[PDB]
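Input: a single structure, listed below in structure tokens.
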Number of protein chains: 2
Amino acid sequence: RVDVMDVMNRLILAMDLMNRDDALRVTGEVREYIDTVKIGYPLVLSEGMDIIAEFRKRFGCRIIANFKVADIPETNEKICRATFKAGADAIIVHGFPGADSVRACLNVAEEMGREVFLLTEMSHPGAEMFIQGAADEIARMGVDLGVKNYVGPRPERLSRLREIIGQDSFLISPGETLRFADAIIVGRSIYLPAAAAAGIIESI
Amino acid sequence: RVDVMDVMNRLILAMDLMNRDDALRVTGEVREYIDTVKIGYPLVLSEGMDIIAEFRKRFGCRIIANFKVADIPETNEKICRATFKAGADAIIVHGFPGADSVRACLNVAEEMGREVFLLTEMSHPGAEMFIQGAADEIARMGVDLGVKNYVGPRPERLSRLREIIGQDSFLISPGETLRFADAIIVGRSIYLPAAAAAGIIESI
């Protein structure tokens, strides 16, 4: 889809390391295979938001801030603005706090020409308590709001999500997977690199 | 209660300003009335996590990180560790992601001698979609996990929460309020200062 983000080799690196030196080393070593990196709070809180621009300048990669924003509208707006000002191309937002909280993020993304990814579901143990049961409705909420980028969770769940958001929407998830998702997210299998990344790409 | 945090004058300052200069000015001007300050991502992402230690050193105040942690266990652990390493006395965590995600935070707080506050409910418009209906269960989940600190949201809702967590638990919320909550959180009425704070205290 021309209107959606193009992820090199359909492979997104989940850079969850907290040490700047280690984070930079791994990412640089795989830049020939990946152009999209997902960074979270562990690294940013430990090294500072300036690390986002560093990644973009040193490697020319797209940065997705895996912040899972889940605050009230006004605060969500501020978090998004600060994150986009720091250079992030996109931000991941929780849907459980409701539509207004998601729209607050969409508004800033609109004004700054950036992107919002809606996290529809999580797959860790405790996710079955409240998240699993709200996943479909959260995905539908996103669709009704015009959200075009989604982060999905179980093969059959990914299939259900794709059904709700349509064939046009951009979907990323951590052979089978790429039948529904537009790009796969890989972490440890890489940063824990160039050979590993090359293998995964060759595998798909 | 001796085993719970003592908040000076039962008044917590919600420092939501994103400018370091403005944030420091207001807090210093009310330190003779307040010893507990709640800081969130807007300020921290914009000025850096080092601002937490700055607040504690310049004013000798307790800092509650209003991060509303809502990630998977491993990431929650890292966020809490980084936040406590930066000097935060306590951190606010979401309950919607489930018990394991909350316990991950409790584990780090236990190891570092810090505190975890469970956010049981939010009051912004979109909160009725998913949060309102899970509030009671989230509060009960916290109780069953030994959580001792809670952040509450409607007067009658505060009464319901206090009922679930017991009379011993520490509860903070944004006269009537202090009938159920141990301390009230005030933001704009102060940072938007010394006179305002003094009035609120003299009020209660």
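Numbering starts fresh at 1 for the residues of each chain in the structure tokens, the chains themselves are lettered A, B, ... in the order given, and ligands are numbered from 1 as they appear.
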
Considering only C-alpha atoms, extract the chain A residues located within 10 Å of chain B and return them as a CSV table (one decimal) with C-alpha atoms, in the first residue's frame.
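File written: result22.csv
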```csv
chain,number,residue,atom,x,y,z
A,16,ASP,CA,15.2,-3.2,24.0
A,17,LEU,CA,18.8,-2.8,25.3
A,18,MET,CA,19.2,-0.2,27.9
A,40,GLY,CA,11.1,1.9,24.3
A,41,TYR,CA,11.3,3.6,27.7
A,42,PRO,CA,14.1,1.4,29.1
A,43,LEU,CA,16.6,2.9,26.7
A,44,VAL,CA,15.1,6.4,26.5
A,45,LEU,CA,14.8,6.9,30.3
A,46,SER,CA,18.3,5.5,30.9
A,47,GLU,CA,20.1,7.5,28.1
A,48,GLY,CA,17.8,10.4,27.3
A,49,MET,CA,15.4,11.2,24.5
A,50,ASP,CA,18.3,12.6,22.5
A,66,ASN,CA,7.3,1.9,21.9
A,67,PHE,CA,5.9,4.0,24.7
A,68,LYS,CA,2.4,2.4,24.9
A,69,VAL,CA,1.0,5.8,25.8
A,70,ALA,CA,-1.9,5.4,28.3
A,71,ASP,CA,-2.7,8.7,30.0
A,72,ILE,CA,-5.5,11.3,29.8
A,73,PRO,CA,-5.9,13.3,26.6
A,74,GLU,CA,-3.9,16.4,27.7
A,75,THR,CA,-1.0,14.4,28.9
A,76,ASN,CA,-1.1,12.1,25.9
A,77,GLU,CA,-0.9,15.2,23.7
A,78,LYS,CA,2.2,16.4,25.6
A,79,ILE,CA,3.9,13.0,25.5
A,80,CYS,CA,3.4,12.7,21.7
A,81,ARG,CA,4.6,16.2,21.1
A,82,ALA,CA,7.7,15.7,23.1
A,83,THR,CA,8.4,12.4,21.4
A,85,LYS,CA,9.9,16.8,18.7
A,86,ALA,CA,12.7,14.4,19.7
A,94,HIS,CA,-2.7,2.0,24.2
A,95,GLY,CA,-6.4,1.8,23.3
A,96,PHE,CA,-7.8,0.8,26.7
A,97,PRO,CA,-7.9,4.3,28.0
A,98,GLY,CA,-10.5,5.1,25.4
A,99,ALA,CA,-11.2,7.0,22.2
A,100,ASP,CA,-10.4,10.5,23.4
A,101,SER,CA,-7.0,9.5,24.7
A,102,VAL,CA,-6.2,7.9,21.3
A,121,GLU,CA,-3.7,-6.5,22.4
A,122,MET,CA,-0.8,-7.9,24.5
A,123,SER,CA,0.2,-11.5,24.9
A,124,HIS,CA,2.0,-11.7,28.2
A,125,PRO,CA,0.3,-13.9,31.0
A,126,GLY,CA,-1.8,-11.2,32.7
A,127,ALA,CA,-3.2,-10.0,29.4
A,128,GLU,CA,-6.1,-12.4,29.7
A,129,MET,CA,-7.5,-10.5,32.7
A,130,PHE,CA,-8.7,-7.4,30.9
A,131,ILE,CA,-6.9,-6.8,27.6
A,132,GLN,CA,-7.8,-10.0,25.8
A,133,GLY,CA,-11.5,-9.4,26.2
A,134,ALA,CA,-11.3,-5.8,25.0
A,137,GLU,CA,-13.5,-3.6,20.5
A,138,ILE,CA,-10.3,-1.6,20.8
A,141,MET,CA,-12.5,1.7,18.0
```

task = Report as a ChimeraX atom specification: the residues of range 33-119 of chain B with a DSSP assignment of strand (DSSP E or B), based on the backbone of this structure.
result = /B:36-40,62-69,90-94,115-119

task = May I have all residues of range 15-197 of chain A that DSSP, computed from the backbone, assigns to alpha helix (DSSP H), given as an NGL selection string?
result = :A and (20-30 or 41-47 or 50-59 or 73-85 or 99-112 or 131-144 or 155-165 or 188-191 or 194-197)

Restricted to C-alpha atoms, what would the selected residues look like written as a compact mmCIF listing (two decimals), in the first residue's frame?
```txt
# COMPACT_ATOMS: atom_id res chain seq x y z
CA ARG A 20 23.56 3.27 24.66
CA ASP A 21 26.84 1.70 23.53
CA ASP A 22 25.27 -1.74 23.10
CA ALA A 23 22.12 -0.33 21.49
CA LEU A 24 24.07 1.70 18.91
CA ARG A 25 26.49 -1.11 18.09
CA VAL A 26 23.77 -3.65 17.26
CA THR A 27 21.59 -1.27 15.25
CA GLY A 28 24.49 -0.06 13.13
CA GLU A 29 25.52 -3.64 12.42
CA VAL A 30 22.09 -4.44 10.96
CA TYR A 41 11.29 3.59 27.68
CA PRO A 42 14.11 1.42 29.10
CA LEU A 43 16.61 2.92 26.67
CA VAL A 44 15.14 6.43 26.52
CA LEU A 45 14.77 6.89 30.28
CA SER A 46 18.27 5.54 30.86
CA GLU A 47 20.08 7.46 28.12
CA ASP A 50 18.28 12.63 22.52
CA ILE A 51 19.14 9.03 21.65
CA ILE A 52 16.23 9.00 19.17
CA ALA A 53 17.83 11.63 16.95
CA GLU A 54 21.17 9.86 17.34
CA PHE A 55 19.72 6.67 15.90
CA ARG A 56 18.16 8.55 12.99
CA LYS A 57 21.32 10.51 12.17
CA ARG A 58 23.86 7.73 12.64
CA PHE A 59 21.84 5.11 10.76
CA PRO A 73 -5.89 13.28 26.60
CA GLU A 74 -3.94 16.37 27.67
CA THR A 75 -0.98 14.35 28.90
CA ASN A 76 -1.08 12.05 25.87
CA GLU A 77 -0.86 15.17 23.70
CA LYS A 78 2.23 16.38 25.57
CA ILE A 79 3.94 12.98 25.49
CA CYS A 80 3.38 12.69 21.74
CA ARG A 81 4.55 16.24 21.08
CA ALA A 82 7.73 15.72 23.12
CA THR A 83 8.40 12.38 21.44
CA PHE A 84 7.85 13.70 17.90
CA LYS A 85 9.92 16.81 18.70
CA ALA A 99 -11.17 7.03 22.16
CA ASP A 100 -10.43 10.54 23.39
CA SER A 101 -7.01 9.46 24.65
CA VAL A 102 -6.23 7.94 21.26
CA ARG A 103 -7.53 10.95 19.34
CA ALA A 104 -5.28 13.25 21.38
CA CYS A 105 -2.34 11.33 19.94
CA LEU A 106 -3.80 11.38 16.43
CA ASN A 107 -4.19 15.16 16.64
CA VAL A 108 -0.51 15.74 17.36
CA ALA A 109 0.55 13.22 14.72
CA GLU A 110 -1.65 15.11 12.26
CA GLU A 111 -0.12 18.49 13.12
CA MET A 112 3.46 17.19 12.97
CA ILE A 131 -6.86 -6.81 27.64
CA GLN A 132 -7.80 -9.98 25.75
CA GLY A 133 -11.51 -9.35 26.24
CA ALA A 134 -11.29 -5.76 25.01
CA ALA A 135 -9.00 -6.38 22.01
CA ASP A 136 -11.66 -6.65 19.31
CA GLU A 137 -13.52 -3.57 20.52
CA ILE A 138 -10.27 -1.60 20.78
CA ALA A 139 -9.38 -2.55 17.21
CA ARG A 140 -12.86 -1.52 16.06
CA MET A 141 -12.49 1.75 17.99
CA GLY A 142 -9.28 2.40 16.08
CA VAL A 143 -10.92 1.70 12.74
CA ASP A 144 -13.83 3.99 13.48
CA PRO A 155 -1.83 -16.95 14.77
CA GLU A 156 -5.64 -16.98 14.89
CA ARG A 157 -5.68 -13.72 16.87
CA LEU A 158 -3.60 -11.97 14.23
CA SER A 159 -6.09 -13.20 11.63
CA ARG A 160 -9.01 -11.78 13.60
CA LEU A 161 -7.28 -8.41 13.92
CA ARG A 162 -6.57 -8.20 10.19
CA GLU A 163 -10.25 -8.92 9.58
CA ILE A 164 -11.36 -6.03 11.79
CA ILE A 165 -8.91 -3.42 10.46
CA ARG A 188 16.44 -10.95 21.13
CA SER A 189 17.01 -13.18 18.10
CA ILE A 190 19.09 -10.25 16.84
CA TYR A 191 20.49 -8.00 19.58
CA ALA A 194 24.15 -8.96 11.12
CA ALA A 195 24.15 -12.69 10.40
CA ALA A 196 20.98 -13.29 12.43
CA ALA A 197 19.15 -10.49 10.62
```

key: Distance query residue 167 in chain B at most 10 Å, only C-alpha atoms, self and fewer than 4 positions along chain excluded, as an MDAnalysis selection string   = chainID B and resid 1 162:163 171 180:182

Selected residues written out with C-alpha atoms, as a CSV table (one decimal), in the first residue's frame:
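So part11.csv came out as:
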```csv
chain,number,residue,atom,x,y,z
B,1,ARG,CA,-0.9,4.8,59.6
B,162,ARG,CA,-11.8,2.7,49.9
B,163,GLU,CA,-14.2,-0.1,50.7
B,171,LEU,CA,-5.1,6.3,48.8
B,180,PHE,CA,-11.8,8.6,51.8
B,181,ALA,CA,-8.4,9.6,50.5
B,182,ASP,CA,-5.4,10.1,52.7
```

ask   = residue 8 in chain A: which residues within 7 Å, counting only C-alpha atoms, same-chain residues fewer than 3 positions away excluded, as a PyMOL selection string?
value = chain A and resi 11+34-35

task = Identify, on the basis of only C-alpha atoms, every residue whose closest approach to residue 150 in chain B does not exceed 9 Å; exclude the query and any residue fewer than 2 positions from it along the same chain; express the result as an MDAnalysis selection string.
result = chainID B and resid 92 116:120 139 142 147:148 152 165 169:173

Quick one: write out the picked residues with N, CA and C atoms as a short mmCIF file (atom, residue, chain, number, x, y, z; two decimals), in the first residue's frame?
```
data_model
loop_
_atom_site.label_atom_id
_atom_site.label_comp_id
_atom_site.auth_asym_id
_atom_site.auth_seq_id
_atom_site.Cartn_x
_atom_site.Cartn_y
_atom_site.Cartn_z
N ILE B 92 3.70 5.20 39.67
CA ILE B 92 2.30 4.88 39.45
C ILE B 92 2.21 3.92 38.28
N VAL B 116 5.12 1.33 45.03
CA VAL B 116 4.30 1.22 43.83
C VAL B 116 2.88 1.65 44.17
N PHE B 117 2.32 2.52 43.33
CA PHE B 117 0.94 2.98 43.47
C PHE B 117 0.17 2.36 42.32
N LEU B 118 -0.95 1.70 42.61
CA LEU B 118 -1.76 1.11 41.55
C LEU B 118 -2.86 2.09 41.15
N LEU B 119 -2.90 2.41 39.86
CA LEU B 119 -3.93 3.29 39.32
C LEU B 119 -5.12 2.39 39.04
N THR B 120 -6.19 2.57 39.82
CA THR B 120 -7.36 1.72 39.68
C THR B 120 -8.38 2.19 38.66
N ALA B 139 -8.81 -3.05 41.45
CA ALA B 139 -8.55 -2.71 42.84
C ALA B 139 -8.42 -4.00 43.66
N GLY B 142 -5.17 -5.64 43.05
CA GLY B 142 -4.12 -5.01 43.83
C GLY B 142 -4.12 -5.50 45.26
N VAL B 147 -0.74 -4.84 47.37
CA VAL B 147 -0.47 -3.45 47.04
C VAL B 147 -0.98 -2.59 48.20
N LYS B 148 -0.18 -1.62 48.62
CA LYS B 148 -0.54 -0.77 49.75
C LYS B 148 -0.85 0.67 49.38
N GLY B 152 -6.84 6.90 43.11
CA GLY B 152 -8.24 6.79 42.75
C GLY B 152 -8.67 7.86 41.76
N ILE B 165 -10.14 -1.63 49.12
CA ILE B 165 -8.76 -1.69 49.62
C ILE B 165 -8.59 -1.67 51.14
N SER B 169 -4.86 0.73 53.70
CA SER B 169 -4.22 1.15 52.46
C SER B 169 -4.09 2.67 52.30
N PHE B 170 -3.07 3.10 51.57
CA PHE B 170 -2.84 4.52 51.32
C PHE B 170 -3.52 4.86 50.00
N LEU B 171 -4.36 5.89 50.02
CA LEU B 171 -5.10 6.30 48.84
C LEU B 171 -4.96 7.78 48.55
N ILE B 172 -4.61 8.12 47.32
CA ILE B 172 -4.49 9.52 46.94
C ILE B 172 -5.42 9.77 45.76
N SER B 173 -6.01 10.97 45.71
CA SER B 173 -6.94 11.32 44.64
C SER B 173 -6.84 12.80 44.29
#
```
